[PDB]
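Here the structure is laid out as structure tokens; the discussion comes afterwards.
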Amino acid sequence: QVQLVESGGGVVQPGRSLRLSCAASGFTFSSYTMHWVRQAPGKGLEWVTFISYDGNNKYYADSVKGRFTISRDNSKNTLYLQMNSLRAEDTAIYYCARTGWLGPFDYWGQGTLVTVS
């Protein structure tokens, strides 16, 4: 019954900003850490961001910092990926994935397509 739906994706142009949202349901939200993982067209999976339970700790991979900032609304059960300084390398399918309590990314979303002109 666990559902992770993402939105906000679309066709943007270099130098603009975007905001991606991930509505979550079917499970208590404040008991899991969250991830943003992206996949460039025809390429492999790449980890982007990670936010903790309380949202106090945010870890970003390289190629993204200052540009990307991750947020978490526990009151409305939604995840956020604020994407500034968008580049042609950023064009990818963005999934939000929740961490299994034992570590791995147990449940994923169907992702949103972001393309950069």
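Ordering of the structure tokens sets the chain letters (A, B, ...), residue numbers begin anew at 1 in every chain, and ligands are numbered from 1 in the order given.
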
Item to check | Shell of 8 Å around range 2-11 of chain A, only C-alpha atoms, local chain residues under 5 positions omitted, as a PyMOL selection string | outcome: chain A and resi 18-27+95-97+107-117

Checklist entry - So which bits of chain A end up strand (DSSP E) when you DSSP the backbone, as a count of residues only? => result 60

Checklist entry - Quick one, how far is CA of residue 51 in chain A from CA of residue 63 in chain A? => result 17.2 Å

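Residue nearest residue 12 in chain A within the list A:48, A:92, A:86, A:37: A:86 [criterion: smallest interatomic distance, only C-alpha atoms].
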
Next on the checklist: List as a PyMOL selection string the protein and nucleic acid residues near residue 67 in chain A, meaning an atom at most 8 Å away when only C-alpha atoms are counted, but skip any in the same chain fewer than 5 places from it.
Outcome noted: chain A and resi 83-86

Next on the checklist: With distances taken over only C-alpha atoms, which residue among A:33, A:28, A:77, A:13 lies nearest residue 59 in chain A?
Outcome noted: A:33

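One distance worth recording is that between CA of residue 15 in chain A and CA of residue 55 in chain A, which is 27.1 Å.
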
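Considering only C-alpha atoms, the residue among A:45, A:104, A:34, A:91 positioned nearest to residue 72 in chain A is A:34.
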
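In this structure, CA of residue 75 in chain A sits 9.0 Å away from CA of residue 30 in chain A.
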
Next on the checklist: as a VMD selection string, please: the residues near residue 32 in chain A (cut-off 10 Å, only C-alpha atoms, same-chain neighbours under 6 positions excluded).
Outcome noted: chain A and resid 51 to 54 98 to 101

Prev. selection, N, CA and C atoms, output as a JSON list (two decimals), in the first residue's frame:
[["chain", "number", "residue", "atom", "x", "y", "z"],
["A", 51, "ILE", "N", 18.20, 12.96, 2.62],
["A", 51, "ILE", "CA", 17.76, 13.72, 3.79],
["A", 51, "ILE", "C", 17.32, 12.78, 4.92],
["A", 52, "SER", "N", 17.56, 13.21, 6.15],
["A", 52, "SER", "CA", 17.32, 12.37, 7.32],
["A", 52, "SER", "C", 15.88, 12.48, 7.80],
["A", 53, "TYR", "N", 15.60, 11.81, 8.91],
["A", 53, "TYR", "CA", 14.26, 11.73, 9.48],
["A", 53, "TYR", "C", 13.71, 13.13, 9.81],
["A", 54, "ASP", "N", 14.40, 13.82, 10.71],
["A", 54, "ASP", "CA", 14.02, 15.17, 11.12],
["A", 54, "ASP", "C", 14.29, 16.20, 10.03],
["A", 98, "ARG", "N", 12.82, 5.64, -0.79],
["A", 98, "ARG", "CA", 12.92, 5.62, 0.66],
["A", 98, "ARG", "C", 13.86, 4.51, 1.11],
["A", 99, "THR", "N", 14.62, 4.78, 2.17],
["A", 99, "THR", "CA", 15.53, 3.79, 2.73],
["A", 99, "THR", "C", 14.82, 2.70, 3.50],
["A", 100, "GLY", "N", 15.14, 1.46, 3.19],
["A", 100, "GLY", "CA", 14.75, 0.35, 4.04],
["A", 100, "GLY", "C", 15.40, 0.55, 5.39],
["A", 101, "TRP", "N", 14.72, 0.10, 6.44],
["A", 101, "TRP", "CA", 15.24, 0.19, 7.80],
["A", 101, "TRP", "C", 16.54, -0.59, 7.96]]

Checklist entry - Residues at most 9 Å from residue 58 in chain A, counting only C-alpha atoms, excluding those fewer than 6 positions away in the same chain, as a VMD selection string? => result chain A and resid 49 to 52 69 to 71

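Listed by chain and then by rising number, the residues of chain A that DSSP assigns to helix (DSSP H, G or I) from the backbone are residues 29, 30, 31, 88, 89 and 90 of chain A.
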